[PDB]
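First the structure, in the form of structure tokens, and then the observations on it.
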Amino acid sequence: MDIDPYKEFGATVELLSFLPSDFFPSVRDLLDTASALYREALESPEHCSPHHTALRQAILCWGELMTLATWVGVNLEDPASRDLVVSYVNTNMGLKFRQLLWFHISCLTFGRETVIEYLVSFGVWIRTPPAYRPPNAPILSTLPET
Amino acid sequence: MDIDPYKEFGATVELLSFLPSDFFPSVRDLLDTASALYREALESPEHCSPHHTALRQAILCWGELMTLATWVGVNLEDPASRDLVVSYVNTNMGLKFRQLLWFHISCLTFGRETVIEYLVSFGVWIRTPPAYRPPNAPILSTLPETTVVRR
Amino acid sequence: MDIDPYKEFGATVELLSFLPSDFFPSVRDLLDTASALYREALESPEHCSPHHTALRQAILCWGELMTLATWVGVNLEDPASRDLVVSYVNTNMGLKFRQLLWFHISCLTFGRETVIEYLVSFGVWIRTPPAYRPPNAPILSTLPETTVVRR
Amino acid sequence: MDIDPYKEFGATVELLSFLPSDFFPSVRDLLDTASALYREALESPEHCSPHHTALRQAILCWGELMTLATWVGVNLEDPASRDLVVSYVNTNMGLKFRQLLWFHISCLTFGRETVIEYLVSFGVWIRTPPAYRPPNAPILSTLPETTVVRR
Amino acid sequence: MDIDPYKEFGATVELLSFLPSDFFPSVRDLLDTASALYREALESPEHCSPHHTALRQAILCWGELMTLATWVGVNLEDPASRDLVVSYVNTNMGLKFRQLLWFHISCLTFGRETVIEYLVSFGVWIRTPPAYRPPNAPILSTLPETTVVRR
Amino acid sequence: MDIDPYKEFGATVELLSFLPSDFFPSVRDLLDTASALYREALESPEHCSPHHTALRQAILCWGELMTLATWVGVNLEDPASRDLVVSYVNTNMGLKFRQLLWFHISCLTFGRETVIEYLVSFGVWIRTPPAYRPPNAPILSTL
């Protein structure tokens, strides 16, 4: 229907592709983070924020893809076709979920405006020649300076 | 995280299980209705309601499974296993998307409290043994069945 | 140019797509209805509403297809091609004019908001499997359901 | 009773699992730090904070497992089974005590809100693939790295 | 006609001449940066600033050189001439667009006075023999030198 | 990025497509007109209008292609490949520059709204079947 998941939150698909694909954490690390930090708000009857709503849908949509990958294991006899579907789900489909899980978990932790400015800053830093930029890769931190 | 998708919105998976699985329209009919009614609010930069947010996610996850079903048709050589995956996506995985599409499209229309009272009333009707069950099932409508507007 | 004829009027092609083919009266009944009701405003120099403007244009297009269908009868020697073109105009192309004439005649009769909300509620009914819906479709009529005219 | 030890204090076992298991200092280093800093408040008759209460219990349970490890060395004749128990206590059981010692010693220092923001920030850093990961991990400190006090 | 592209903007060809060739990102990185940041203002009907106007024109010139480089691949049979023209466009002509795209993207990001004063101070550094200057060039960045994003 | 060059100025590539490709004056005639009329403002250290900004970029971007066409003459033997590249630059690439120079020189001379109305009027003239098409095509005039 030509829907961009990020633009009600002030970002775009293009702005999350401005960070390298290998930057984003694994789906497992991101689901561990949502569960440790956000679990009781994600399981609550309250809406909380639109990031909570959006993140609840992505956690359930990913769990359905893992039921699919478990199903392709049992119900597909062909080994090469079974391995080729499971790889597509974990690699090609996993990339869009770990951008989406990363974005909402980061906007809950660090704030939405902080994460949108971080995408711009980190993607410009990665494209600068190393002699002309700050030596350390940017990172998000909730821990204050001393 | 267990995460019932409906309890944010005042329902549960068990309340939507009052409806039989064959109650729900096809994903295509529901996508047509979301587009006919809610398309411009679904494409907008604004959060409109949480139903809009929840419905955007479902429409995008479904389009992502159709990319999968198109991919499996191209990239799987074995026809037997190609058809098992394409049928599991369109049938098994489609059932939970057209329950979820039905729920949010019905709450954007009709209101959310109306859809929960509809689920309770439809359950009373479907639990009735067929001998005592009235011919008119409850249905979501903003109109009577016979609408006389005159002018 | 990707123009929707109904979008100007608050409706959509797929909002009207749920009405069945047997829902509509024949083109001839629709033309008789527009003429028995709206004829003097349709033939007037004034713009009356956009429904009048849109309905004048559709009546004139249908008369050009009837000149075509009469021309095809005279100018084609082949019986199989002559009947296959005349059948396509009266049936396939007739269905788009039946739908389009019904819409503007009804928005003049009942009001435009009444016709759009009727199409929302008719679609809920037609998208329901026959087991789960009341056996009578919703009705758009000037008349009471009893159809007894006092006063 | 499931009883997460950390949720009284605003964390969980899953939040402390952002840290790898080899992140944590040895039990000996942590016992030295509790003694260097908190010893007199840990030996006092007063409840100081709940971190003090929780940390006294962990220090006593650990000393009770070291009585076990000393006992097994004396009273088990079989060397093979003696070494399995002493290694399971010092390694497997030691891991959860040095996570718990790290947590309360770090919250007595630095504050508790700082340790939870540190866990969130260290998780962002450790989840980053090593290509994009900055060289300086987040660290708990009350000072800058270069502290110029002059006089 | 002896036009300086930078003179309008408060700079000069020789003010930007001191930046080394390795200073600039590739054209592709510059085009990705302009698109990830400025795209909706670059594609808008409005004049936003003169940097937008100047940057729109340079993006369109570079696309014409990429049509040239693709045309040269197809339409030249000689390998030595085909590679010698494509190398001249991507390297020699690319360096003027790298310099020109860097300048307007930086004046949108950092402000124009910040970029001009950075070029004054970068030139002092680059005109110094390496023995007499600090080993790190001055940096124009949104980020702290530590690159740790709080808030 | 699509980036229609004419969109910030109130036109489109489709609107400038009303004019045939052979309508436009040569690059040399257009650069002579810019130099006679506009040269001191084009060399000014001032934003004058956005048409000045856009026209400075096109004059410089065309001067780079003339360095390329000179470079191909010096640095390429195999005259068949030298002649295909120099003619592609002067003919094929030149068309887009003499549309772009024509547009900004005209909006700068006659006004931008006048040049948009001229495109609409020229399209009416060029769409007219030749029996009813006036012998005088529309032309831009300040006189």
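If you're wondering about the labels, chains in the structure tokens are A, B, ... by order shown, residues count from 1 in each chain, ligands from 1 in order shown.
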
> Leaving out segment 102-105 of chain B and any residue of its chain fewer than 5 positions from it, which residues lie within 12 Å of it when counting only C-alpha atoms, given as a PyMOL selection string?
Replying inline: (chain B and resi 5-13+15-17+19+21+23-39+42+49-59+94-97+110-116+118-119+140) or (chain C and resi 124+127-128)

>> Near chain A, meaning an atom within 6 Å, which residues of chain E appear when counting only C-alpha atoms? Write them as a PyMOL selection string.
In response: chain E and resi 25+36+139+145+147-150

Dump as a short mmCIF file (atom, residue, chain, number, x, y, z; two decimals), in the first residue's frame, selection limited to N, CA, C and O atoms:
data_model
loop_
_atom_site.label_atom_id
_atom_site.label_comp_id
_atom_site.auth_asym_id
_atom_site.auth_seq_id
_atom_site.Cartn_x
_atom_site.Cartn_y
_atom_site.Cartn_z
N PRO E 25 35.21 12.23 0.39
CA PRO E 25 34.59 10.93 0.14
C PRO E 25 34.33 10.74 -1.34
O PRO E 25 34.39 11.68 -2.14
N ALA E 36 20.30 10.73 1.99
CA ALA E 36 19.83 10.32 3.31
C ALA E 36 19.46 11.51 4.18
O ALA E 36 18.70 11.35 5.14
N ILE E 139 39.36 18.79 12.21
CA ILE E 139 38.20 17.96 11.91
C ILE E 139 36.96 18.83 11.92
O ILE E 139 36.79 19.69 12.79
N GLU E 145 34.73 14.63 19.79
CA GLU E 145 35.89 13.84 19.38
C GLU E 145 35.82 12.43 19.98
O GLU E 145 36.35 11.48 19.39
N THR E 147 33.01 10.75 20.38
CA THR E 147 31.93 10.08 19.65
C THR E 147 31.20 9.06 20.53
O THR E 147 31.24 7.85 20.33
N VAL E 148 30.53 9.61 21.54
CA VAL E 148 29.64 8.89 22.43
C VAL E 148 28.36 9.70 22.51
O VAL E 148 28.38 10.86 22.94
N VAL E 149 27.24 9.11 22.09
CA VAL E 149 26.00 9.86 21.90
C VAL E 149 25.09 9.55 23.08
O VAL E 149 24.55 8.45 23.21
N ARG E 150 24.92 10.54 23.95
CA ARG E 150 23.98 10.49 25.06
C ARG E 150 22.71 11.24 24.67
O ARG E 150 22.51 11.58 23.50
#

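Once chain C is fitted onto chain D using all Cα atoms matched in sequence order, the root-mean-square deviation is 1.3 Å.
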
>> List as a ChimeraX atom specification the protein and nucleic acid residues near residue 46 of chain E, meaning an atom at most 12 Å away when only C-alpha atoms are counted, but skip any in the same chain fewer than 6 places from it.
In response: /E:40,52-53,56 /F:3-11,50

> Just how far from atom CA of residue 44 of chain F is atom CA of residue 143 of chain F, in Å to one decimal?
Replying inline: 27.5 Å

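Going from atom CA of residue 41 of chain C over to atom CA of residue 142 of chain C, you cover 20.5 Å.
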
> Can you list every residue in segment 33-132 of chain E that DSSP puts in alpha helix (DSSP H), as a PyMOL selection string?
Replying inline: chain E and resi 33-42+50-75+79-87+94-110+112-126
